[PDB]
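Below is one structure, written out as structure tokens, with a few remarks after it.
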Amino acid sequence: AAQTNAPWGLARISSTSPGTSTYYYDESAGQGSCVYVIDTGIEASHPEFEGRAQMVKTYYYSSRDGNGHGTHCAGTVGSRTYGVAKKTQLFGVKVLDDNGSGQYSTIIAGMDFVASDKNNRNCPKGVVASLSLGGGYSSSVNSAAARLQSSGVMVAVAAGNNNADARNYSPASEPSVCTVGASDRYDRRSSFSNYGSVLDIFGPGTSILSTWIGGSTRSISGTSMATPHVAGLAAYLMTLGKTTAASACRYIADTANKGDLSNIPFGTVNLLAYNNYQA
């Protein structure tokens, strides 16, 4: 399949080269997989989601996304125009309030929610969790992310936007999950992107156009938005049978575009998520 005039990030993940605008992907498109977006919620009613998005859990007075960040990430995972995996199922877990903040314990509870809730869902191709969130180092948040990974969910987490080593942030520093940095459309490390040996992969993170609340769209930047690209890619690759939740992060790194990013500090991987689709 070919999506002309796609957002640059979708076009990048199906390209050996920057500077193209068509997204190429197998039509299976993540059908029969599921991605949990653990964030501020999802505006499930957004026409971009086509009935494939639903809120399954909230820790606040409302399950709606009053922020837009979770809606934006869900749109990059699986919205019809802005999504990597245009047919996956999206499950919203609102661990962040509408200011975008959450107590870690609510975040931990939400991760443990996903690790059980996936047994209440039909995801025969497998389960992904996109965690576009983070804060300071926490061994209890790291371990919640490792449990989620261990339960059979590919976990993809933001490296963080501090331009520092990700070892001082959680769940970024958890080694068992898939820690994602951010690149820009010129194949540069995003100026805000964390780095370090704990990063597994980079995805498009600068000026990412996706769904927003109120039925709108907008372009925003963050290792937060690189993560749903990898999360959407994992769901896509799992539907194609190319990998499993336990080995997806590593499959993605094996098959990534290698050595193409600039301003990648010594010791951090120079790998850019790539779907390797041959049209």
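As shown in the structure tokens, the chain order sets the letters A, B, ...; within each chain, residues go from 1, and ligands are also counted from 1 in the order they appear.
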Item to check | Contacts of residue 169 in chain A at 8 Å (only C-alpha atoms; same-chain gap of 6+ positions) as an MDAnalysis selection string | outcome: chainID A and resid 134:138 159:160
Let's have the selection written as a PDB file, in the first residue's frame, with N, CA and C atoms.
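And here is the file that came out, out.pdb:
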```
ATOM      1  N   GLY A 134       7.221   9.643  31.334  1.00  0.00           N
ATOM      2  CA  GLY A 134       8.433   9.377  32.076  1.00  0.00           C
ATOM      3  C   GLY A 134       8.746  10.486  33.051  1.00  0.00           C
ATOM      4  N   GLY A 135       9.661  10.171  33.949  1.00  0.00           N
ATOM      5  CA  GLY A 135      10.157  11.119  34.928  1.00  0.00           C
ATOM      6  C   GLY A 135      11.511  10.631  35.408  1.00  0.00           C
ATOM      7  N   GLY A 136      11.850  10.969  36.649  1.00  0.00           N
ATOM      8  CA  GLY A 136      13.133  10.580  37.199  1.00  0.00           C
ATOM      9  C   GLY A 136      13.260   9.077  37.369  1.00  0.00           C
ATOM     10  N   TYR A 137      14.483   8.631  37.648  1.00  0.00           N
ATOM     11  CA  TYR A 137      14.711   7.207  37.857  1.00  0.00           C
ATOM     12  C   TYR A 137      13.843   6.663  38.986  1.00  0.00           C
ATOM     13  N   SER A 138      13.225   5.517  38.730  1.00  0.00           N
ATOM     14  CA  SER A 138      12.404   4.814  39.712  1.00  0.00           C
ATOM     15  C   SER A 138      12.598   3.329  39.469  1.00  0.00           C
ATOM     16  N   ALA A 159      12.463   7.843  25.456  1.00  0.00           N
ATOM     17  CA  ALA A 159      13.750   8.073  26.105  1.00  0.00           C
ATOM     18  C   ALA A 159      13.705   9.295  27.019  1.00  0.00           C
ATOM     19  N   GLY A 160      12.821  10.242  26.749  1.00  0.00           N
ATOM     20  CA  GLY A 160      12.769  11.479  27.509  1.00  0.00           C
ATOM     21  C   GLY A 160      13.369  12.626  26.726  1.00  0.00           C
TER      22      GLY A 160
END
```
Checklist entry - Near residue 16 in chain A, counting only C-alpha atoms, which residues have an atom at most 10 Å away, once you skip same-chain residues fewer than 5 positions from it, shown as number ranges by chain? => result A: 11, 256-258, 260, 272, 274-276
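Minimum distance to residue 149 in chain A across A:233, A:24, A:170, A:247 (counting only C-alpha atoms) occurs at A:247.
Residues of range 154-267 of chain A that DSSP places in alpha helix (DSSP H), based on the backbone of this structure, are residues 223, 224, 225, 226, 227, 228, 229, 230, 231, 232, 233, 234, 235, 236, 237, 238, 239, 248, 249, 250, 251, 252, 253, 254 and 255 of chain A.
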Item to check | Nearest to residue 68 in chain A, chosen from A:264, A:213, A:226, A:153, with only C-alpha atoms counted in the distances | outcome: A:213
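When only C-alpha atoms are used to compute distances to residue 250 in chain A, the closest of the residues A:176, A:168, A:99, A:223 turns out to be A:176.
The shortest atom-to-atom distance to residue 4 in chain A, with only C-alpha atoms taken into account, belongs to A:81 out of A:101, A:106, A:81, A:67.
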Next on the checklist: Set the distance at 12 Å and use only C-alpha atoms: which residues neighbour residue 188 in chain A once local chain neighbours fewer than 3 positions away are removed? I'd like the list as a PyMOL selection string.
Outcome noted: chain A and resi 18+181-185+191-193+202-206+259-265+270-272
Counting only C-alpha atoms, which residues in range 153-256 of chain A sit no more than 7 Å from range 74-80 of chain A? For each one, give the nearest pair of atoms and the distance in Å, sorted by chain then residue number, as a Markdown table.
```
| residue | atom | partner | partner_atom | distance |
| --- | --- | --- | --- | --- |
| A:210 | CA | A:75 | CA | 5.4 |
| A:211 | CA | A:75 | CA | 5.1 |
| A:228 | CA | A:77 | CA | 5.0 |
| A:229 | CA | A:77 | CA | 6.0 |
| A:231 | CA | A:77 | CA | 6.4 |
| A:232 | CA | A:77 | CA | 4.3 |
```
How would the residues just picked look written out with N, CA, C and O atoms as a PDB file, in the first residue's frame?
```pdb
ATOM      1  N   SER A 210      -0.254  14.645  13.904  1.00  0.00           N
ATOM      2  CA  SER A 210      -1.145  13.564  14.319  1.00  0.00           C
ATOM      3  C   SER A 210      -2.479  14.135  14.797  1.00  0.00           C
ATOM      4  O   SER A 210      -2.701  15.350  14.782  1.00  0.00           O
ATOM      5  N   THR A 211      -3.376  13.233  15.208  1.00  0.00           N
ATOM      6  CA  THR A 211      -4.688  13.629  15.701  1.00  0.00           C
ATOM      7  C   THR A 211      -4.558  14.471  16.957  1.00  0.00           C
ATOM      8  O   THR A 211      -3.628  14.305  17.746  1.00  0.00           O
ATOM      9  N   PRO A 228       5.317   6.199  19.741  1.00  0.00           N
ATOM     10  CA  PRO A 228       4.216   5.558  19.014  1.00  0.00           C
ATOM     11  C   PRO A 228       4.589   5.101  17.609  1.00  0.00           C
ATOM     12  O   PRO A 228       3.937   4.184  17.086  1.00  0.00           O
ATOM     13  N   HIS A 229       5.584   5.712  16.965  1.00  0.00           N
ATOM     14  CA  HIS A 229       6.046   5.178  15.685  1.00  0.00           C
ATOM     15  C   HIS A 229       6.584   3.766  15.853  1.00  0.00           C
ATOM     16  O   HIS A 229       6.295   2.875  15.045  1.00  0.00           O
ATOM     17  N   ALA A 231       6.029   1.792  18.530  1.00  0.00           N
ATOM     18  CA  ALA A 231       4.905   0.998  18.990  1.00  0.00           C
ATOM     19  C   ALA A 231       4.020   0.607  17.819  1.00  0.00           C
ATOM     20  O   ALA A 231       3.630  -0.557  17.685  1.00  0.00           O
ATOM     21  N   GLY A 232       3.717   1.558  16.933  1.00  0.00           N
ATOM     22  CA  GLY A 232       2.920   1.206  15.764  1.00  0.00           C
ATOM     23  C   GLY A 232       3.661   0.257  14.848  1.00  0.00           C
ATOM     24  O   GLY A 232       3.066  -0.649  14.262  1.00  0.00           O
TER      25      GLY A 232
END
```
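Within 10 Å of residue 152 in chain A there are residues 115, 118, 126, 127, 128, 147, 148, 149, 150, 154, 155, 244, 245, 246 and 247 of chain A, counting only C-alpha atoms and ignoring same-chain residues fewer than 2 positions away.
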Next on the checklist: I want to know what sits within 7 Å of residue 123 in chain A, based on only C-alpha atoms, with residues of the same chain fewer than 6 positions away left out; could you give that as a VMD selection string?
Outcome noted: chain A and resid 32 to 34
Item to check | Picked from range 69-135 of chain A by DSSP as strand (DSSP E or B), as an MDAnalysis selection string | outcome: chainID A and resid 89:94 126:131 135
Could you write out the selected residues, including N, CA and C atoms, as an mmCIF file, in the first residue's frame?
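Written output follows (out_36.cif):
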```
data_model
loop_
_atom_site.group_PDB
_atom_site.id
_atom_site.type_symbol
_atom_site.label_atom_id
_atom_site.label_comp_id
_atom_site.auth_asym_id
_atom_site.auth_seq_id
_atom_site.Cartn_x
_atom_site.Cartn_y
_atom_site.Cartn_z
ATOM 1 N N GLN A 89 -5.947 -2.285 16.815
ATOM 2 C CA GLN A 89 -6.878 -1.814 17.837
ATOM 3 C C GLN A 89 -6.149 -0.950 18.866
ATOM 4 N N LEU A 90 -6.738 0.191 19.211
ATOM 5 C CA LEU A 90 -6.139 1.119 20.162
ATOM 6 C C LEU A 90 -6.914 1.074 21.467
ATOM 7 N N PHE A 91 -6.197 0.901 22.574
ATOM 8 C CA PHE A 91 -6.787 0.856 23.912
ATOM 9 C C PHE A 91 -6.171 1.968 24.749
ATOM 10 N N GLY A 92 -7.013 2.874 25.241
ATOM 11 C CA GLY A 92 -6.538 3.987 26.040
ATOM 12 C C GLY A 92 -6.541 3.645 27.513
ATOM 13 N N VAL A 93 -5.413 3.899 28.166
ATOM 14 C CA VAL A 93 -5.275 3.776 29.613
ATOM 15 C C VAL A 93 -4.844 5.147 30.117
ATOM 16 N N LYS A 94 -5.748 5.851 30.791
ATOM 17 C CA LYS A 94 -5.483 7.226 31.207
ATOM 18 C C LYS A 94 -4.791 7.200 32.558
ATOM 19 N N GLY A 126 -0.926 -10.081 18.716
ATOM 20 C CA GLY A 126 -0.068 -9.675 19.808
ATOM 21 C C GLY A 126 -0.366 -8.266 20.286
ATOM 22 N N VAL A 127 0.295 -7.926 21.384
ATOM 23 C CA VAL A 127 -0.039 -6.757 22.172
ATOM 24 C C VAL A 127 1.193 -5.868 22.278
ATOM 25 N N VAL A 128 0.973 -4.565 22.134
ATOM 26 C CA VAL A 128 1.978 -3.529 22.280
ATOM 27 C C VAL A 128 1.461 -2.547 23.319
ATOM 28 N N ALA A 129 2.380 -1.961 24.079
ATOM 29 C CA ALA A 129 2.088 -0.813 24.921
ATOM 30 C C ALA A 129 3.018 0.332 24.522
ATOM 31 N N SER A 130 2.438 1.493 24.243
ATOM 32 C CA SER A 130 3.185 2.720 23.997
ATOM 33 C C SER A 130 3.115 3.575 25.252
ATOM 34 N N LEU A 131 4.270 3.861 25.850
ATOM 35 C CA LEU A 131 4.343 4.657 27.078
ATOM 36 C C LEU A 131 5.073 5.951 26.737
ATOM 37 N N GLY A 135 9.661 10.171 33.949
ATOM 38 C CA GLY A 135 10.157 11.119 34.928
ATOM 39 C C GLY A 135 11.511 10.631 35.408
#
```
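In this structure, CA of residue 110 in chain A sits 8.4 Å away from CA of residue 58 in chain A.
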